[PDB]
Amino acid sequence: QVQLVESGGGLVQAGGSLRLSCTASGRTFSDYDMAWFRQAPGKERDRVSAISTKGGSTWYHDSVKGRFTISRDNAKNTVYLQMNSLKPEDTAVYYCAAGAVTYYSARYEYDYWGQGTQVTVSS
């Protein structure tokens, strides 16, 4: 059994902060690139942040750059998403993901996923 266990969620006031986390169990995930996806009401689940195996390289969706920080603690098989200056626009179910796979150029699928957690930002 190899699990990617998600922790977090909640209601946050506009301008506020929230940290989400995922801890993998059953194998090292230090092998894998990781990401955070979000799925806003009526939309598709889309990749919002990505990190390399040792965190030397990060990627951010344009709407979260400067405000969100993806980091990972490999000694703990754990990944984080630190969200600052939250806007109502960031209301979504957030999922962590690990083990990047690409079939079509620049389209990433993931081997393991968190169960998802709701993050709501009030106006």
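Sequential numbering from 1, following the sequence displayed.
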For this session: Mind pulling up the entry and telling me whether 10-18 or 108-116 has the higher mean Cα temperature factor?
Result: 10-18
Seminar exercise, completed: Mean Cα B-factor check, 23-31 vs 56-64, entry values; winner is 56-64
For this session: Consider only the C-alpha atoms of the modelled residues in this chain, order them by B-factor as the entry records it, and name the third containing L86: lowest, middle or highest.
Result: highest
Problem set entry | CA B-factor ranking of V121, expressed as a third of its chain | highest
